[PDB]
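Chemist: One structure, as structure tokens, below. Some questions next.
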Amino acid sequence: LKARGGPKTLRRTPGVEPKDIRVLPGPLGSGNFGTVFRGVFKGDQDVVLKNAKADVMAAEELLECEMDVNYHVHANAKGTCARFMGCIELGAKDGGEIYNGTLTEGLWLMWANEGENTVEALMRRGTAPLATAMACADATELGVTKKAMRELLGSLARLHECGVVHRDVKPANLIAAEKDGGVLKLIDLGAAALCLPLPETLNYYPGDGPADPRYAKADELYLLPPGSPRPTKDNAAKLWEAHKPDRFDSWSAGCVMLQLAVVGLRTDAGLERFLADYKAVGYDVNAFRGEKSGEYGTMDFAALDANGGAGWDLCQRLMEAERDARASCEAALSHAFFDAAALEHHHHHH
Amino acid sequence: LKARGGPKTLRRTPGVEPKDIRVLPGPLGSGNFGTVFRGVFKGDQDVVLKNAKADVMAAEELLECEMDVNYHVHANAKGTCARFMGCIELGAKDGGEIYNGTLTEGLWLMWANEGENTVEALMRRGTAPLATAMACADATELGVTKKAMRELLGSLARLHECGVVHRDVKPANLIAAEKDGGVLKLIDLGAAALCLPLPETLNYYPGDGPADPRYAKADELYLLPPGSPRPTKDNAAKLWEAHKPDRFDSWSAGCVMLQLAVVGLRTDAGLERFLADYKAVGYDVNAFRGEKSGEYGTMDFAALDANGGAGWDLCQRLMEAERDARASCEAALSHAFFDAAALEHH
Ligand SMILES: Nc1ncnc2c1ncn2[C@@H]1O[C@H](COP(=O)(O)OP(=O)(O)O)[C@@H](O)[C@H]1O
Ligand SMILES: Nc1ncnc2c1ncn2[C@@H]1O[C@H](COP(=O)(O)OP(=O)(O)O)[C@@H](O)[C@H]1O
Ligand SMILES: [Mg+2]
Ligand SMILES: [Mg+2]
Ligand SMILES: [Mg+2]
């Protein structure tokens, strides 16, 4: 006798058919376990498409987790991240060729194209183009830092509230969404963890990595430190309070703040130099100011200096050496840095 | 009192200076731990350049190990891999911009550009363009499989002899070098281990490590099993014999052979299907042929069937479930599959 075989099963999102997706050749970035392409959906919708790298161990599992977290965020934290449009799974015979503009065999994720420029690209062109893209009236380092950080910290607080730690916060993963007033949206949940049993934790484990070493604290490349009881439904809440994995994002947000606030820190080399001196003085912002800032004559810390050094203090809060001392993104939101000035806008007010 | 500054120490290769190198925009790799670009050295030498990804944990350390292994291979197994032209290290102030043709900050490795096409790209275009690139006179599946596997196994044997296990053998990491008769050369020693103390082992440790899930044996993603002692200069030889880490490459070479020999196995899904069935029948090639091959009506296994199933037998040896049963690349090289034709009547 012979084995009967049977049909293939393919994952799909209602209203999203592969025939309606044209993929544009040319990856949008090196990528972690996946590759991102521009596409056009139904002839006139600009989208971004991601599949797994064939050469990376368990990339399909990582893409599945990214998919799961994206569904979670879509349901619980709308507007924090790029709009998630679902998945499309293609088989072998129906799989196409990127050069022919068709989706290849395997699982794909799709999002709205939120804009052609990241905060990293904009900030490096200058504060002016960054402010314009952000629709930020105060086109100064202080102005863009206030507006961007309010948006970023607000979104991170909302993500943390539904149990999601992004784990890859940085200017490169922020887009000023021109179709939503220039508001910042996060992209790339490929490293994100769901840290509460809602209903099951995802991508949540003890140990280092993944982490962008530019934006993760050098001796804190983990969400959970190794050894600690692996995350289960039982201990999830306890681990959250004890190990504070969300504070991983706090540190990264502090890095975002430094780069927004200080032009000279917008290069990898600039931020690296600062963080090295910061560490050297015991992660003490005032000690940096007292001992080191004098060696930064090519830079301008005015945005951090302003209003009694409010920005410096917010940086200190977000970038405390110890997680037990480090501000949550939610707490960081109520900081004086975000206060309206006395009588602000008085000259035009009704 | 203020702490004094001092010089920055940079690594350099004699004969290779920053002003000698122009980088061309457009990355070539899948971009895991490093980024690869084409470049031009001294105005008219085509080269390839690799730097560490700034956004990946331990990227520079991974590149440093790839550098060390490249020097070892350059010294001990010339011709097995792309020609290694050394390194160039640059500082931040002293770094440029890729889109402006200049090397950016950090360590860079440089190799000769060995050719524009990998075996993965060629085989997927077809046996004909693959054979042409290989200067392979017998432009059939059997012909390209014989020539390619002789070259690949010969090179792996030479690497193994000097203690190197490549650990990323696959068609995407083979280039047909037109300038050298079309011979296949390995690229990408980024996952490689030095398994002998010369003077120390490199990237060699117990347990799972880097692997391409298509080309590494799924239940065998290690060079040394998880229970193995850490390698030392004193036990390295014992561990080599006991755990046969080179047999990791043997399995991958078997996968290469399957794709060269059978057109339908050249897609990822094709080879994945075969390996699933192969595992299901106990890693037994004859059981595959008897129980499973009838399900593969769209494929042609003639190259493996030929000459008493010589190809199938060589695959079986390269792909035994147990390392202790699996052929070394050196032993495989002497297989009947590579025998000269008798009585050719010239
Ligand atoms: N929803 C989106 N809208 C617009 N651009 C996007 C979106 N998602 C991702 N991108 C762009 O795709 C690129 C993907 O790069 P990525 O996969 O992050 O690799 P890397 O981290 O090496 O840059 C990024 O430059 C990003 O700006
Ligand atoms: N010496 C070389 N000559 C020609 N092309 C090369 C050479 N080395 C690498 N390449 C090309 O660059 C790509 C990436 O190089 P590789 O070392 O395989 O890094 P990775 O696979 O990690 O991206 C290869 O797939 C190949 O196309
Ligand atoms: Mg990314
Ligand atoms: Mg695949
Ligand atoms: Mg490679």
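Convention: chains lettered A, B, ... in structure tokens order; per-chain residue numbering from 1; ligands numbered from 1 as shown.
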Find the residues around residue 341 (chain A) up to 12 Å (only C-alpha atoms counted), leave out those fewer than 5 positions away in its own chain, and share them as a list in words.
Modeler: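 The residues satisfying every condition are residues 306, 307, 336 and 346 of chain A.
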Chemist: Would you write out those residues with C-alpha atoms, as a PDB file, in the first residue's frame?
Modeler:
```pdb
ATOM      1  CA  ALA A 306      17.893  74.018  29.912  1.00  0.00           C
ATOM      2  CA  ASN A 307      15.553  74.820  32.782  1.00  0.00           C
ATOM      3  CA  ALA A 336       9.676  68.322  34.618  1.00  0.00           C
ATOM      4  CA  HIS A 346       0.839  83.657  25.785  1.00  0.00           C
TER       5      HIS A 346
END
```
Chemist: Give me the residues near residue 340 (chain A) as a PyMOL selection string, where near means some atom within 12 Å (using only C-alpha atoms) and where sequence neighbours in that chain fewer than 4 positions away do not count.
Modeler: chain A and resi 143+146-147+307+334-336+344-346
Chemist: If you take only C-alpha atoms and all ligand atoms and a cut-off of 9 Å, which residues of chain B touch ligand 4, and what are their nearest atom pairs and distances in Å to one decimal, in chain and number order, as a tab-separated table?
Modeler:
```
residue	atom	partner	partner_atom_place_in_ligand_line	distance
B:214	CA	ligand 4	1 (Mg)	8.5
B:267	CA	ligand 4	1 (Mg)	8.8
B:268	CA	ligand 4	1 (Mg)	5.7
B:269	CA	ligand 4	1 (Mg)	6.4
B:272	CA	ligand 4	1 (Mg)	8.5
```
Chemist: Mind listing the residues within 6 Å of ligand 1, only C-alpha atoms and all ligand atoms counted, as a PyMOL selection string?
Modeler: chain A and resi 28-31+35-36+48+82+111-116+118+187
Chemist: Can you spit out the residues from that selection as an mmCIF file, in the first residue's frame, using N, CA and C atoms?
Modeler:
```cif
data_model
loop_
_atom_site.group_PDB
_atom_site.id
_atom_site.type_symbol
_atom_site.label_atom_id
_atom_site.label_comp_id
_atom_site.auth_asym_id
_atom_site.auth_seq_id
_atom_site.Cartn_x
_atom_site.Cartn_y
_atom_site.Cartn_z
ATOM 1 N N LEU A 28 15.528 46.421 2.451
ATOM 2 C CA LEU A 28 15.548 47.724 3.105
ATOM 3 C C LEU A 28 16.595 47.810 4.212
ATOM 4 N N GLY A 29 17.190 46.677 4.575
ATOM 5 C CA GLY A 29 18.241 46.668 5.583
ATOM 6 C C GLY A 29 18.873 45.305 5.793
ATOM 7 N N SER A 30 20.070 45.292 6.374
ATOM 8 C CA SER A 30 20.774 44.044 6.656
ATOM 9 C C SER A 30 19.831 43.023 7.283
ATOM 10 N N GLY A 31 19.125 43.438 8.329
ATOM 11 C CA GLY A 31 18.131 42.588 8.952
ATOM 12 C C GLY A 31 18.710 41.593 9.937
ATOM 13 N N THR A 35 14.307 39.563 6.286
ATOM 14 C CA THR A 35 14.615 40.554 5.266
ATOM 15 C C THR A 35 13.365 41.350 4.949
ATOM 16 N N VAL A 36 13.522 42.665 4.845
ATOM 17 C CA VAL A 36 12.406 43.575 4.643
ATOM 18 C C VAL A 36 12.461 44.189 3.238
ATOM 19 N N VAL A 48 5.240 47.443 3.610
ATOM 20 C CA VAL A 48 6.541 46.844 3.843
ATOM 21 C C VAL A 48 6.283 45.378 4.185
ATOM 22 N N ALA A 82 4.220 50.598 13.866
ATOM 23 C CA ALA A 82 3.734 50.534 12.488
ATOM 24 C C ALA A 82 2.478 49.669 12.390
ATOM 25 N N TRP A 111 3.104 45.288 6.790
ATOM 26 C CA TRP A 111 2.728 46.481 7.534
ATOM 27 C C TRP A 111 2.515 47.615 6.547
ATOM 28 N N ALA A 112 1.806 48.644 6.995
ATOM 29 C CA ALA A 112 1.744 49.889 6.250
ATOM 30 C C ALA A 112 3.134 50.520 6.206
ATOM 31 N N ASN A 113 3.492 51.101 5.068
ATOM 32 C CA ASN A 113 4.697 51.921 5.013
ATOM 33 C C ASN A 113 4.406 53.238 5.737
ATOM 34 N N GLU A 114 5.020 53.422 6.903
ATOM 35 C CA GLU A 114 4.714 54.568 7.762
ATOM 36 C C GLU A 114 5.481 55.832 7.384
ATOM 37 N N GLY A 115 6.433 55.695 6.471
ATOM 38 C CA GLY A 115 7.206 56.834 6.014
ATOM 39 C C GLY A 115 8.590 56.423 5.567
ATOM 40 N N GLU A 116 9.192 57.221 4.696
ATOM 41 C CA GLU A 116 10.448 56.813 4.083
ATOM 42 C C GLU A 116 11.668 57.139 4.941
ATOM 43 N N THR A 118 13.633 57.386 8.898
ATOM 44 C CA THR A 118 13.698 56.994 10.295
ATOM 45 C C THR A 118 14.260 58.189 11.040
ATOM 46 N N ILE A 187 9.058 50.673 15.033
ATOM 47 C CA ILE A 187 9.024 49.524 14.138
ATOM 48 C C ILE A 187 9.883 48.410 14.718
#
```
Chemist: Residues of chain B within 8 Å of chain A, counting only C-alpha atoms, what are they? List them as a list in words.
Modeler: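 Result, ordered by chain then number: residues 30, 31, 32, 35, 54, 55, 56, 57, 92, 210, 211, 212, 213, 214, 268 and 269 of chain B.
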Chemist: Write out as an MDAnalysis selection string each polymer residue whose atoms come within 8 Å of region 81-91 of chain B, counting only C-alpha atoms; drop sequence neighbours fewer than 5 positions from it.
Modeler: chainID B and resid 10:13 16:18 67 70:71 73:74 103:114 185:187
Chemist: Counting only C-alpha atoms and all ligand atoms, what are the residues of chain B within 10 Å of ligand 5, and for each of them which pair of atoms is the nearest and at what distance in Å, to one decimal? Sort the table by chain and rising number, as CSV.
Modeler:
```
residue,atom,partner,partner_atom_place_in_ligand_line,distance
B:28,CA,ligand 5,1 (Mg),9.6
B:29,CA,ligand 5,1 (Mg),6.7
B:30,CA,ligand 5,1 (Mg),7.4
B:31,CA,ligand 5,1 (Mg),8.8
B:32,CA,ligand 5,1 (Mg),9.1
B:36,CA,ligand 5,1 (Mg),9.7
B:118,CA,ligand 5,1 (Mg),9.8
B:168,CA,ligand 5,1 (Mg),7.4
B:169,CA,ligand 5,1 (Mg),8.8
B:170,CA,ligand 5,1 (Mg),8.5
B:171,CA,ligand 5,1 (Mg),9.3
B:172,CA,ligand 5,1 (Mg),6.2
B:173,CA,ligand 5,1 (Mg),5.1
B:174,CA,ligand 5,1 (Mg),8.7
B:186,CA,ligand 5,1 (Mg),9.3
B:187,CA,ligand 5,1 (Mg),6.6
B:188,CA,ligand 5,1 (Mg),4.9
B:189,CA,ligand 5,1 (Mg),8.1
B:190,CA,ligand 5,1 (Mg),7.8
B:191,CA,ligand 5,1 (Mg),9.2
B:212,CA,ligand 5,1 (Mg),9.8
```
Chemist: Write down as number ranges by chain the residues belonging to region 16-205 of chain A that are assigned strand (DSSP E) by DSSP computed on the backbone.
Modeler: A: 21-23, 34-41, 45-52, 84-90, 106-112, 164-165, 174-177, 183-186, 193-194
Chemist: A:259, A:102, A:228, A:80: which is nearest residue 122 (chain A), counting only C-alpha atoms?
Modeler: A:259
Chemist: Which neighbours of residue 135 (chain A) fall inside 7 Å, counting only C-alpha atoms, when residues of the same chain fewer than 3 positions from it are skipped, and could you give them as a ChimeraX atom specification?
Modeler: /A:131-132,181-182
Chemist: Those residues you just picked out, can you put them in a file as a compact mmCIF listing (two decimals), in the first residue's frame with N, CA and C atoms?
Modeler:
```txt
# COMPACT_ATOMS: atom_id res chain seq x y z
N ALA A 131 12.74 68.04 12.62
CA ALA A 131 11.61 68.80 13.14
C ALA A 131 10.48 68.91 12.13
N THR A 132 10.84 69.12 10.87
CA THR A 132 9.85 69.23 9.80
C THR A 132 9.04 67.94 9.67
N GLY A 181 0.30 62.96 11.30
CA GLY A 181 0.76 64.22 11.87
C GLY A 181 2.23 64.28 12.22
N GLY A 182 3.01 63.29 11.78
CA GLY A 182 4.43 63.26 12.09
C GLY A 182 4.79 62.57 13.40
```
Chemist: Quick one: everything within 9 Å of region 316-321 of chain A, counting only C-alpha atoms, minus sequence neighbours fewer than 5 positions away in the same chain. Send it as a PyMOL selection string.
Modeler: chain A and resi 217+247+249-255+279+282-286+311+326-329+332
Chemist: Between B:162, B:205, B:141, B:134, single out the one closest to residue 178 (chain B), counting only C-alpha atoms.
Modeler: B:134
Chemist: Per DSSP on the backbone, what are the helix (DSSP H, G or I) residues of region 37-173 of chain A, as an MDAnalysis selection string?
Modeler: chainID A and resid 59:76 98:100 119:125 127:133 141:161 171:173
Chemist: Please determine, counting only C-alpha atoms, which residue among A:258, A:263, A:195, A:172 has the shortest atom-to-atom distance to residue 238 (chain A).
Modeler: A:195
Chemist: Which residues are near residue 100 (chain B)? Cut-off 9 Å, only C-alpha atoms, ignore same chain within fewer than 4 positions. Put them as an NGL selection string.
Modeler: :B and (22-25 or 96)
Chemist: Store the residues picked out above in a file with N, CA and C atoms, as a PDB file, in the first residue's frame.
Modeler:
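selection26.pdb, written as the output of this step:
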```pdb
ATOM      1  N   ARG B  22      38.975  51.500  -2.668  1.00  0.00           N
ATOM      2  CA  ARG B  22      37.694  52.131  -2.973  1.00  0.00           C
ATOM      3  C   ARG B  22      36.584  51.107  -2.786  1.00  0.00           C
ATOM      4  N   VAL B  23      35.601  51.434  -1.951  1.00  0.00           N
ATOM      5  CA  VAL B  23      34.475  50.535  -1.720  1.00  0.00           C
ATOM      6  C   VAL B  23      33.302  50.880  -2.638  1.00  0.00           C
ATOM      7  N   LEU B  24      32.643  49.848  -3.156  1.00  0.00           N
ATOM      8  CA  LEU B  24      31.457  50.025  -3.991  1.00  0.00           C
ATOM      9  C   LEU B  24      30.192  49.776  -3.176  1.00  0.00           C
ATOM     10  N   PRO B  25      29.213  50.687  -3.277  1.00  0.00           N
ATOM     11  CA  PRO B  25      27.918  50.557  -2.592  1.00  0.00           C
ATOM     12  C   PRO B  25      27.159  49.301  -3.015  1.00  0.00           C
ATOM     13  N   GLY B  96      35.357  56.870   6.626  1.00  0.00           N
ATOM     14  CA  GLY B  96      34.606  57.585   5.610  1.00  0.00           C
ATOM     15  C   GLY B  96      33.141  57.201   5.522  1.00  0.00           C
TER      16      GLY B  96
END
```
Chemist: I want to know what sits within 9 Å of region 285-294 of chain B, based on only C-alpha atoms, with residues of the same chain fewer than 3 positions away left out; could you give that as a list in words?
Modeler: residues 2 of chain A; 274, 277, 278, 280, 281, 282, 297, 301, 312, 313, 315, 316 and 319 of chain B
Chemist: With N, CA and C atoms retained, could you export that selection as a short mmCIF file (atom, residue, chain, number, x, y, z; two decimals), in the first residue's frame?
Modeler:
```cif
data_model
loop_
_atom_site.label_atom_id
_atom_site.label_comp_id
_atom_site.auth_asym_id
_atom_site.auth_seq_id
_atom_site.Cartn_x
_atom_site.Cartn_y
_atom_site.Cartn_z
N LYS A 2 0.27 2.38 -0.41
CA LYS A 2 0.98 3.64 -0.46
C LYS A 2 0.36 4.71 0.44
N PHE B 274 13.20 16.34 1.00
CA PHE B 274 14.04 15.15 0.98
C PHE B 274 14.56 14.80 2.37
N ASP B 277 12.01 13.25 4.66
CA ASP B 277 11.73 11.87 4.31
C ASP B 277 12.90 10.98 4.67
N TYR B 278 14.11 11.48 4.43
CA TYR B 278 15.33 10.75 4.76
C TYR B 278 15.38 10.42 6.25
N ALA B 280 12.79 10.33 8.25
CA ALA B 280 11.65 9.47 8.54
C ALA B 280 11.94 8.00 8.28
N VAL B 281 12.84 7.72 7.34
CA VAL B 281 13.20 6.33 7.03
C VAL B 281 14.51 5.91 7.70
N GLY B 282 14.92 6.65 8.73
CA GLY B 282 16.07 6.28 9.52
C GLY B 282 17.41 6.59 8.88
N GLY B 297 7.93 12.01 -8.20
CA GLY B 297 7.73 11.87 -9.63
C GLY B 297 8.16 13.04 -10.50
N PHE B 301 16.53 11.30 -10.52
CA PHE B 301 17.68 10.90 -9.70
C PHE B 301 18.77 10.17 -10.48
N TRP B 312 24.31 7.58 -4.86
CA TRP B 312 23.52 7.29 -3.67
C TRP B 312 24.40 6.75 -2.56
N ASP B 313 25.34 5.87 -2.89
CA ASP B 313 26.18 5.30 -1.85
C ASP B 313 27.08 6.34 -1.19
N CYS B 315 26.45 9.56 -1.01
CA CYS B 315 25.54 10.33 -0.15
C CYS B 315 25.28 9.61 1.18
N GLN B 316 25.01 8.31 1.12
CA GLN B 316 24.78 7.56 2.35
C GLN B 316 25.96 7.69 3.30
N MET B 319 26.23 11.04 4.83
CA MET B 319 25.04 11.42 5.58
C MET B 319 24.54 10.34 6.53
#
```
Chemist: Given the choices A:165, A:159, A:183, A:123, which gets closest to residue 245 (chain A) if the distance is worked out from only C-alpha atoms?
Modeler: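 Smallest distance to residue 245 (chain A) is found for A:165.
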Chemist: Taking only C-alpha atoms and all ligand atoms into account, name the residue in B:158, B:150, B:244, B:179 that is nearest to ligand 2.
Modeler: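 Selected residue with least distance to ligand 2: B:179.
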